[PDB]
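Everything on this sheet refers to the single structure shown next.
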Amino acid sequence: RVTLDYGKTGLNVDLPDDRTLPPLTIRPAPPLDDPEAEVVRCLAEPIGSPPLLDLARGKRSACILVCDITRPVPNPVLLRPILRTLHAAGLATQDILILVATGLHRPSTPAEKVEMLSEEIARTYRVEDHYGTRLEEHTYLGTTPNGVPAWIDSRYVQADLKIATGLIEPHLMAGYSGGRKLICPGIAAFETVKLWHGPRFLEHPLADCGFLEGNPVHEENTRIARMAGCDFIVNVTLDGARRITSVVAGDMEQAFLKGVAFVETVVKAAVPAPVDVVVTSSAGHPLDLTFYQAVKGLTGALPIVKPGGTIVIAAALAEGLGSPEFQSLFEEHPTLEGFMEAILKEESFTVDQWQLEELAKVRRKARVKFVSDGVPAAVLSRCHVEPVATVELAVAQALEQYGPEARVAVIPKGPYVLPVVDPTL
Ligand SMILES: *C(=S)c1cc(C(=O)S)c[n+]([C@@H]2O[C@H](COP(=O)(O)O)[C@@H](O)[C@H]2O)c1
Ligand SMILES: CC(C)[C@@H](O)C(=O)O
Ligand code: NI
């Protein structure tokens with residue numbers, strides 16, 4: 001028996017005792033007893049930055065970037081200390097904007113802002129959404145040597161004090177989330193993101209979970225974030241039960257890299273050899289709201305599945321497939337091969353196409369069996385995965401296909417784990 005992450009509930013799965021490896025879990029580091037108290041300490045004694053109170057002295061306006069619903073940041077723990085310090089520094093609440101760094105996602109709803117930030121904060125401060133398809137809401141900052149123009153939300157660019165908050169987890173393109181990613185793509189225009197999420201970046205072998213140095217995705221969004229600037233970040237890591245295990249604050253690069261150095265010691269989970277069947281999740285609510293995001297569970301499993309193996313994913317998909325643009329690509333391109341011909345041979349850019357490219361990367365290596373009650377089977381079958389009614393059935397089907405030597409690995413927290421093959425094991 002194992003509980004996979006699945007919406008707000010989890011999912012209780014029975015897996016074959018004689019076939020299944022011990023579950024891949026992140027290392028059990030101690031949670032912080034008082035993470036808000038720790039945030040307070042880190043604001044007074046940050047990494048590579050003056051104390052936030054000293055940074056905020058004499059500033060007339062502030063913009064605080066926060067993640068949208070898809071990231072389970074415990075925002076009030078981070079924001080209450082920040083907001084207290086800004087008030088102490090003399091900034092009035094009307095001088096402070098909380099900007100939801102949607103990237104190219106849809107805007108957060110009023111209810112989501114309350115879920116993300118607490119009723120007290122959502123009611124007291126101006127909270128606005130980034131709109132990536134609205135170029136007019138962005139300021140041009142220059143073009144990188146790789147040819148990517150930097151278009152960043154003007155409300156942030158024009159703020160006296162720039163602050164970003166977030167969460168360091170593995171990421172299938174940028175290696176890890178957090179730090180600079182709140183700026184690029186969090187408040188970057190489609191004119192920027194379409195190129196940065198273009199196949200010239202995404203087909204690179206190091207554009208993958210866990211890779212920073214040498215990953216052009218990370219080199220480029222670091223460069224673009226530095227063209228905008230960021231005076232101060234606060235980032236956390238979360239364990240499997242969503243307790244904060246570390247807080248980093250200060251310089252946008254130095255604090256981020258300190259947080260990554262910690263999370264690298266807990267998120268890696270090794271098997272001695274790749275396996276024919278990998279059971280995984282999309283890390284539950286809120287990440288697994290859409291099929292668009294749940295592709296992350298599929299890419300996360302790739303390092304430990306054998307070529308031609310099967311990934312079995314469970315995800316609640318309570319919000320369905322994703323954006324209208326994302327959904328339209330399945331209708332416009334019934335095969336992944338035709339989709340990849342479209343985007344590889346010409347400069348063809350459609351919102352959210354990058355996740356279809358990631359799904360194509362998955363399907364070049366593995367079959368996928370998809371278990372969900374949030375999207376009908378008939379719909380999922382048009383999404384280049386095989387809908388199966390239960391994980392237990394899906395595993396039984398895969399084990400018959402691969403035979404009596406086949407083994408099962410299981411990753412209950414899905415893309416929040418970094419599975420690796422360690423032959424020395
Ligand atoms: C990372 S590539 C990324 C991409 C998008 C797209 O729409 S593309 C959106 N976001 C959002 O930006 C915020 C910061 O990202 P992080 O990965 O959590 O550091 C967050 O609100 C993401 O949902 C990111
Ligand atoms: C799913 C990916 C492509 C992006 O939208 C993100 O939220 O990380
Ligand atoms: Ni993105």
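Order determines the names: the first chain of the structure tokens is A, the second B, and so forth; residues in each chain are numbered 1 upward, and ligands are numbered 1 upward as they are shown.
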
Inset, instruction - List all protein, DNA and RNA residues that have an atom no more than 7 Å from any atom of ligand 2, counting only C-alpha atoms and all ligand atoms, and report them as an MDAnalysis selection string. - result: chainID A and resid 70 104:105 171 292:293 296 352 354:355

Inset, instruction - Determine which residues of region 133-202 of chain A receive a DSSP assignment of strand (DSSP E or B), computed from the backbone, and state them as a PyMOL selection string. - result: chain A and resi 138-143+149-153+161-167+170-171+175-176+188

Spatial neighbours of residue 185 (chain A), max dist 12 Å, only C-alpha atoms, sep filter under 4 positions, as a PDB file with N, CA and C atoms, in the first residue's frame:
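Output below, filename out-v4.pdb:
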```pdb
ATOM      1  N   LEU A  65       6.675  40.087  -5.872  1.00  0.00           N
ATOM      2  CA  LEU A  65       6.226  39.017  -6.749  1.00  0.00           C
ATOM      3  C   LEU A  65       5.865  37.793  -5.917  1.00  0.00           C
ATOM      4  N   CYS A  67       4.065  33.684  -6.338  1.00  0.00           N
ATOM      5  CA  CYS A  67       3.664  32.634  -7.259  1.00  0.00           C
ATOM      6  C   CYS A  67       2.143  32.556  -7.339  1.00  0.00           C
ATOM      7  N   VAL A 100       0.968  38.947  -8.907  1.00  0.00           N
ATOM      8  CA  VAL A 100       0.956  37.491  -9.088  1.00  0.00           C
ATOM      9  C   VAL A 100       1.725  37.153 -10.366  1.00  0.00           C
ATOM     10  N   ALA A 101       2.839  36.432 -10.205  1.00  0.00           N
ATOM     11  CA  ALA A 101       3.755  36.098 -11.292  1.00  0.00           C
ATOM     12  C   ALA A 101       3.236  34.852 -12.011  1.00  0.00           C
ATOM     13  N   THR A 102       2.192  35.071 -12.811  1.00  0.00           N
ATOM     14  CA  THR A 102       1.533  34.006 -13.554  1.00  0.00           C
ATOM     15  C   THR A 102       2.381  33.408 -14.675  1.00  0.00           C
ATOM     16  N   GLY A 103       3.436  34.090 -15.124  1.00  0.00           N
ATOM     17  CA  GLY A 103       4.058  33.673 -16.379  1.00  0.00           C
ATOM     18  C   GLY A 103       3.031  33.869 -17.486  1.00  0.00           C
ATOM     19  N   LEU A 104       2.785  32.813 -18.267  1.00  0.00           N
ATOM     20  CA  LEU A 104       1.717  32.787 -19.263  1.00  0.00           C
ATOM     21  C   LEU A 104       0.465  32.059 -18.783  1.00  0.00           C
ATOM     22  N   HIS A 105       0.391  31.718 -17.502  1.00  0.00           N
ATOM     23  CA  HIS A 105      -0.837  31.144 -16.973  1.00  0.00           C
ATOM     24  C   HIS A 105      -1.964  32.186 -16.943  1.00  0.00           C
ATOM     25  N   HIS A 130      -0.256  39.300 -13.385  1.00  0.00           N
ATOM     26  CA  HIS A 130       0.499  39.481 -14.618  1.00  0.00           C
ATOM     27  C   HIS A 130      -0.283  38.882 -15.782  1.00  0.00           C
ATOM     28  N   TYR A 131      -0.255  39.565 -16.934  1.00  0.00           N
ATOM     29  CA  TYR A 131      -0.907  39.113 -18.169  1.00  0.00           C
ATOM     30  C   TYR A 131       0.150  39.046 -19.268  1.00  0.00           C
ATOM     31  N   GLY A 132       0.648  37.843 -19.556  1.00  0.00           N
ATOM     32  CA  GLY A 132       1.770  37.709 -20.466  1.00  0.00           C
ATOM     33  C   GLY A 132       1.451  38.009 -21.916  1.00  0.00           C
ATOM     34  N   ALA A 150      13.903  41.093 -23.668  1.00  0.00           N
ATOM     35  CA  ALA A 150      13.456  41.055 -22.279  1.00  0.00           C
ATOM     36  C   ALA A 150      12.318  42.053 -22.106  1.00  0.00           C
ATOM     37  N   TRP A 151      11.106  41.532 -21.921  1.00  0.00           N
ATOM     38  CA  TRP A 151       9.892  42.319 -21.723  1.00  0.00           C
ATOM     39  C   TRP A 151       9.307  41.926 -20.373  1.00  0.00           C
ATOM     40  N   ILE A 152       9.331  42.848 -19.412  1.00  0.00           N
ATOM     41  CA  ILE A 152       9.056  42.546 -18.013  1.00  0.00           C
ATOM     42  C   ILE A 152       7.980  43.509 -17.534  1.00  0.00           C
ATOM     43  N   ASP A 153       7.057  43.009 -16.705  1.00  0.00           N
ATOM     44  CA  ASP A 153       5.912  43.803 -16.266  1.00  0.00           C
ATOM     45  C   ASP A 153       6.331  45.184 -15.772  1.00  0.00           C
ATOM     46  N   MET A 173      12.216  22.273 -17.047  1.00  0.00           N
ATOM     47  CA  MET A 173      12.935  23.075 -18.026  1.00  0.00           C
ATOM     48  C   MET A 173      14.095  23.826 -17.395  1.00  0.00           C
ATOM     49  N   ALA A 174      13.853  24.508 -16.277  1.00  0.00           N
ATOM     50  CA  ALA A 174      14.832  25.413 -15.693  1.00  0.00           C
ATOM     51  C   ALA A 174      15.664  24.752 -14.603  1.00  0.00           C
ATOM     52  N   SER A 177      12.924  25.512  -9.777  1.00  0.00           N
ATOM     53  CA  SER A 177      12.114  26.713  -9.637  1.00  0.00           C
ATOM     54  C   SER A 177      12.697  27.620  -8.558  1.00  0.00           C
ATOM     55  N   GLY A 178      12.241  28.870  -8.544  1.00  0.00           N
ATOM     56  CA  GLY A 178      12.638  29.833  -7.531  1.00  0.00           C
ATOM     57  C   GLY A 178      13.575  30.906  -8.069  1.00  0.00           C
ATOM     58  N   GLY A 179      13.998  31.775  -7.138  1.00  0.00           N
ATOM     59  CA  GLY A 179      14.856  32.900  -7.469  1.00  0.00           C
ATOM     60  C   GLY A 179      14.426  33.684  -8.696  1.00  0.00           C
ATOM     61  N   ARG A 180      15.348  33.728  -9.664  1.00  0.00           N
ATOM     62  CA  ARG A 180      15.166  34.469 -10.912  1.00  0.00           C
ATOM     63  C   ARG A 180      13.899  34.102 -11.680  1.00  0.00           C
ATOM     64  N   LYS A 181      13.348  32.909 -11.465  1.00  0.00           N
ATOM     65  CA  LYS A 181      12.212  32.475 -12.287  1.00  0.00           C
ATOM     66  C   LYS A 181      10.939  33.280 -12.011  1.00  0.00           C
ATOM     67  N   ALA A 189       6.700  38.863 -20.788  1.00  0.00           N
ATOM     68  CA  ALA A 189       5.709  38.812 -21.852  1.00  0.00           C
ATOM     69  C   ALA A 189       5.928  37.590 -22.741  1.00  0.00           C
ATOM     70  N   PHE A 190       4.854  37.205 -23.432  1.00  0.00           N
ATOM     71  CA  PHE A 190       4.948  36.151 -24.436  1.00  0.00           C
ATOM     72  C   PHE A 190       6.038  36.445 -25.473  1.00  0.00           C
ATOM     73  N   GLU A 191       6.228  37.716 -25.841  1.00  0.00           N
ATOM     74  CA  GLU A 191       7.297  38.052 -26.780  1.00  0.00           C
ATOM     75  C   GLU A 191       8.663  37.567 -26.288  1.00  0.00           C
ATOM     76  N   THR A 192       8.864  37.527 -24.964  1.00  0.00           N
ATOM     77  CA  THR A 192      10.058  36.924 -24.364  1.00  0.00           C
ATOM     78  C   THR A 192       9.929  35.408 -24.228  1.00  0.00           C
ATOM     79  N   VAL A 193       8.842  34.950 -23.602  1.00  0.00           N
ATOM     80  CA  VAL A 193       8.714  33.547 -23.223  1.00  0.00           C
ATOM     81  C   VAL A 193       8.625  32.629 -24.434  1.00  0.00           C
ATOM     82  N   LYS A 194       7.995  33.077 -25.529  1.00  0.00           N
ATOM     83  CA  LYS A 194       7.893  32.188 -26.687  1.00  0.00           C
ATOM     84  C   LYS A 194       9.274  31.775 -27.191  1.00  0.00           C
ATOM     85  N   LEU A 195      10.269  32.657 -27.072  1.00  0.00           N
ATOM     86  CA  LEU A 195      11.607  32.315 -27.534  1.00  0.00           C
ATOM     87  C   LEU A 195      12.370  31.530 -26.475  1.00  0.00           C
ATOM     88  N   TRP A 196      12.209  31.909 -25.209  1.00  0.00           N
ATOM     89  CA  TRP A 196      12.944  31.246 -24.139  1.00  0.00           C
ATOM     90  C   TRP A 196      12.435  29.824 -23.932  1.00  0.00           C
ATOM     91  N   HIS A 197      11.129  29.613 -24.120  1.00  0.00           N
ATOM     92  CA  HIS A 197      10.512  28.293 -24.132  1.00  0.00           C
ATOM     93  C   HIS A 197      10.429  27.705 -25.542  1.00  0.00           C
ATOM     94  N   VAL A 217      18.432  27.101 -20.382  1.00  0.00           N
ATOM     95  CA  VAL A 217      17.204  27.680 -19.846  1.00  0.00           C
ATOM     96  C   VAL A 217      17.522  28.493 -18.606  1.00  0.00           C
ATOM     97  N   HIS A 218      18.316  27.911 -17.700  1.00  0.00           N
ATOM     98  CA  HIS A 218      18.676  28.587 -16.457  1.00  0.00           C
ATOM     99  C   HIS A 218      19.649  29.737 -16.701  1.00  0.00           C
ATOM    100  N   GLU A 220      19.789  31.590 -19.290  1.00  0.00           N
ATOM    101  CA  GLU A 220      19.052  32.670 -19.931  1.00  0.00           C
ATOM    102  C   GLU A 220      18.049  33.345 -18.996  1.00  0.00           C
ATOM    103  N   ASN A 221      17.292  32.595 -18.175  1.00  0.00           N
ATOM    104  CA  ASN A 221      16.372  33.341 -17.318  1.00  0.00           C
ATOM    105  C   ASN A 221      17.103  34.038 -16.174  1.00  0.00           C
ATOM    106  N   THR A 222      18.279  33.547 -15.764  1.00  0.00           N
ATOM    107  CA  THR A 222      19.113  34.327 -14.850  1.00  0.00           C
ATOM    108  C   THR A 222      19.549  35.635 -15.494  1.00  0.00           C
ATOM    109  N   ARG A 223      19.986  35.580 -16.748  1.00  0.00           N
ATOM    110  CA  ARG A 223      20.435  36.795 -17.420  1.00  0.00           C
ATOM    111  C   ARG A 223      19.284  37.787 -17.585  1.00  0.00           C
ATOM    112  N   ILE A 224      18.110  37.302 -17.987  1.00  0.00           N
ATOM    113  CA  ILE A 224      16.967  38.196 -18.178  1.00  0.00           C
ATOM    114  C   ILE A 224      16.498  38.782 -16.850  1.00  0.00           C
ATOM    115  N   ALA A 225      16.467  37.970 -15.785  1.00  0.00           N
ATOM    116  CA  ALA A 225      16.069  38.507 -14.487  1.00  0.00           C
ATOM    117  C   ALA A 225      17.023  39.606 -14.028  1.00  0.00           C
ATOM    118  N   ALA A 228      16.242  43.048 -15.384  1.00  0.00           N
ATOM    119  CA  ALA A 228      15.190  43.734 -14.635  1.00  0.00           C
ATOM    120  C   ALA A 228      15.655  44.166 -13.252  1.00  0.00           C
TER     121      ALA A 228
END
```

Inset, instruction - Would you kindly return, as a PyMOL selection string, each protein, DNA or RNA residue with an atom no farther than 9 Å from any atom of region 301-309 of chain A, considering only C-alpha atoms and excluding same-chain residues fewer than 2 positions away? - result: chain A and resi 270-271+273-280+296-299+311+362+364-368+398+402+409+411+414-415+418-421

For residue 373 (chain A), work out the shell of residues within 10 Å, counting only C-alpha atoms and skipping chain neighbours fewer than 4 positions away, then give it as a PDB file with C-alpha atoms, in the first residue's frame.
```pdb
ATOM      1  CA  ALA A 314      -2.206   9.463 -11.161  1.00  0.00           C
ATOM      2  CA  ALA A 315      -3.375  13.080 -11.141  1.00  0.00           C
ATOM      3  CA  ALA A 316      -6.675  14.609 -10.079  1.00  0.00           C
ATOM      4  CA  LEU A 317      -6.881  17.230 -12.908  1.00  0.00           C
ATOM      5  CA  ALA A 318      -9.682  18.988 -11.029  1.00  0.00           C
ATOM      6  CA  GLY A 320      -9.209  19.823 -16.597  1.00  0.00           C
ATOM      7  CA  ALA A 377     -11.162   8.854 -20.610  1.00  0.00           C
ATOM      8  CA  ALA A 389      -9.371   3.175 -14.804  1.00  0.00           C
ATOM      9  CA  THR A 390      -7.047   2.490 -11.852  1.00  0.00           C
TER      10      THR A 390
END
```

Legend entry - Length of the atom 21 (O, counted along the ligand's line) of ligand 1 to CA of residue 287 (chain A) vector [Å]: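 About the pair atom 21 (O, counted along the ligand's line) of ligand 1 and CA of residue 287 (chain A): they are 10.9 Å apart.
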
Legend entry - Closest of A:183, A:92, A:209, A:227 to residue 264 (chain A) - atom-to-atom distances counting only C-alpha atoms: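 When distances to residue 264 (chain A) are compared using only C-alpha atoms, the smallest one comes from A:209.
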
Inset, instruction - May I have the residues within 10 Å of region 40-49 of chain A as a ChimeraX atom specification, using only C-alpha atoms and disregarding those fewer than 2 positions away in the same chain? - result: /A:35-38,51-55,77-78,80-82,84-85,231-234,247-256,258

For the selection you just gave me, I'd like the residues written to a file as a CSV table (one decimal), in the first residue's frame, keeping N, CA, C and O atoms.
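Now in again-v2.csv:
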```
chain,number,residue,atom,x,y,z
A,35,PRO,N,9.0,28.7,11.1
A,35,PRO,CA,9.5,29.2,9.8
A,35,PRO,C,9.3,30.7,9.7
A,35,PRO,O,10.1,31.4,9.1
A,36,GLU,N,8.2,31.3,10.2
A,36,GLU,CA,8.0,32.7,10.2
A,36,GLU,C,9.1,33.4,11.0
A,36,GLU,O,9.6,34.5,10.5
A,37,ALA,N,9.4,32.9,12.2
A,37,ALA,CA,10.5,33.5,13.0
A,37,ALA,C,11.8,33.4,12.2
A,37,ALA,O,12.6,34.3,12.3
A,38,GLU,N,12.0,32.3,11.4
A,38,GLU,CA,13.2,32.2,10.7
A,38,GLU,C,13.2,33.2,9.5
A,38,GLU,O,14.3,33.8,9.3
A,51,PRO,N,20.4,44.0,5.1
A,51,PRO,CA,19.1,43.7,5.7
A,51,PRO,C,18.0,44.4,4.9
A,51,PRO,O,18.1,45.5,4.4
A,52,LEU,N,16.8,43.7,4.9
A,52,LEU,CA,15.7,44.3,4.1
A,52,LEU,C,15.3,45.7,4.6
A,52,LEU,O,14.9,46.6,3.9
A,53,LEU,N,15.4,45.9,6.0
A,53,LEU,CA,15.0,47.2,6.5
A,53,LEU,C,15.8,48.3,6.0
A,53,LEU,O,15.4,49.4,5.6
A,54,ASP,N,17.1,48.0,5.8
A,54,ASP,CA,18.1,49.0,5.3
A,54,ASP,C,17.9,49.2,3.8
A,54,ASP,O,18.0,50.3,3.3
A,55,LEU,N,17.6,48.1,3.0
A,55,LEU,CA,17.3,48.2,1.6
A,55,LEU,C,16.0,49.1,1.4
A,55,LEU,O,16.0,49.8,0.4
A,77,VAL,N,3.5,33.2,5.6
A,77,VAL,CA,4.7,33.0,6.4
A,77,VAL,C,5.9,33.9,5.8
A,77,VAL,O,6.7,34.4,6.6
A,78,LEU,N,6.0,34.0,4.5
A,78,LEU,CA,7.0,34.8,3.9
A,78,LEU,C,6.6,36.3,3.9
A,78,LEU,O,7.4,37.2,4.2
A,80,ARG,N,4.1,38.1,5.7
A,80,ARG,CA,3.9,38.9,7.0
A,80,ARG,C,5.2,39.6,7.4
A,80,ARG,O,5.2,40.8,7.7
A,81,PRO,N,6.4,38.9,7.5
A,81,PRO,CA,7.6,39.6,7.9
A,81,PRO,C,8.0,40.6,6.9
A,81,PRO,O,8.5,41.7,7.3
A,82,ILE,N,7.9,40.3,5.6
A,82,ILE,CA,8.3,41.3,4.6
A,82,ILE,C,7.5,42.6,4.7
A,82,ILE,O,8.0,43.7,4.7
A,84,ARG,N,5.7,43.7,7.3
A,84,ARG,CA,6.0,44.4,8.5
A,84,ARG,C,7.3,45.2,8.4
A,84,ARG,O,7.3,46.4,8.8
A,85,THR,N,8.3,44.7,7.7
A,85,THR,CA,9.5,45.4,7.5
A,85,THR,C,9.3,46.6,6.6
A,85,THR,O,9.8,47.7,6.9
A,231,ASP,N,15.8,43.3,-5.9
A,231,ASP,CA,16.6,43.8,-4.7
A,231,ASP,C,16.6,42.7,-3.6
A,231,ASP,O,17.6,42.7,-2.8
A,232,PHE,N,15.6,41.8,-3.5
A,232,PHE,CA,15.6,40.9,-2.4
A,232,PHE,C,14.6,39.7,-2.7
A,232,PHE,O,13.5,40.0,-3.2
A,233,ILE,N,15.1,38.5,-2.4
A,233,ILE,CA,14.2,37.4,-2.5
A,233,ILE,C,14.1,36.7,-1.2
A,233,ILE,O,14.9,36.8,-0.3
A,234,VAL,N,12.9,36.0,-1.0
A,234,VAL,CA,12.8,35.0,0.1
A,234,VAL,C,12.2,33.8,-0.6
A,234,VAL,O,11.2,33.8,-1.2
A,247,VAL,N,14.8,28.3,4.7
A,247,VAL,CA,14.5,29.6,4.2
A,247,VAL,C,15.8,30.3,3.8
A,247,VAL,O,16.8,30.3,4.5
A,248,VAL,N,15.8,30.8,2.6
A,248,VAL,CA,16.9,31.6,2.1
A,248,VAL,C,16.4,33.0,1.7
A,248,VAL,O,15.3,33.1,1.1
A,249,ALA,N,17.1,34.0,2.1
A,249,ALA,CA,16.7,35.4,1.8
A,249,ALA,C,17.9,36.2,1.4
A,249,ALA,O,19.0,35.9,1.9
A,250,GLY,N,17.7,37.2,0.6
A,250,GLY,CA,18.8,38.1,0.2
A,250,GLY,C,19.0,38.2,-1.3
A,250,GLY,O,18.0,38.4,-2.1
A,251,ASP,N,20.2,38.2,-1.8
A,251,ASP,CA,20.6,38.3,-3.2
A,251,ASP,C,19.9,37.3,-4.1
A,251,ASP,O,19.8,36.1,-3.8
A,252,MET,N,19.4,37.8,-5.2
A,252,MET,CA,18.5,36.9,-6.0
A,252,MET,C,19.3,35.7,-6.5
A,252,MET,O,18.8,34.6,-6.6
A,253,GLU,N,20.6,35.8,-6.8
A,253,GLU,CA,21.4,34.6,-7.2
A,253,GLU,C,22.0,33.9,-6.0
A,253,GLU,O,21.9,32.7,-6.0
A,254,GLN,N,22.6,34.6,-5.1
A,254,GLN,CA,23.3,33.9,-4.0
A,254,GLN,C,22.3,33.2,-3.1
A,254,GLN,O,22.6,32.1,-2.7
A,255,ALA,N,21.2,33.8,-2.8
A,255,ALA,CA,20.3,33.1,-1.9
A,255,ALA,C,19.6,31.9,-2.6
A,255,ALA,O,19.5,30.8,-2.0
A,256,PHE,N,19.3,32.1,-3.9
A,256,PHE,CA,18.7,31.0,-4.6
A,256,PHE,C,19.7,29.8,-4.7
A,256,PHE,O,19.3,28.6,-4.4
A,258,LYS,N,22.1,29.0,-2.6
A,258,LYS,CA,22.1,28.4,-1.3
A,258,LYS,C,20.9,27.5,-1.0
A,258,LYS,O,21.1,26.4,-0.5
```

Inset, instruction - Please identify which residues in region 43-186 of chain A DSSP calls helix (DSSP H, G or I) from the backbone, and express them as a PyMOL selection string. - result: chain A and resi 43-44+52-56+75-88+93-95+110-117+119-124+135-137+154-157+179-182

Legend entry - One-decimal distance in Å that lies between CA of residue 27 (chain A) and atom 1 (Ni, counted along the ligand's line) of ligand 3: 27.1 Å

Legend entry - CA of residue 29 (chain A) to CA of residue 413 (chain A), distance in Å rounded to a single decimal: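 Value for the CA of residue 29 (chain A)-CA of residue 413 (chain A) distance: 15.6 Å.
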
Legend entry - Near-residue 83 (chain A) list (10 Å; only C-alpha atoms; drop same-chain fewer than 3 positions) as a PyMOL selection string: chain A and resi 64+76+78-80+86-89+91-93+96+121+125
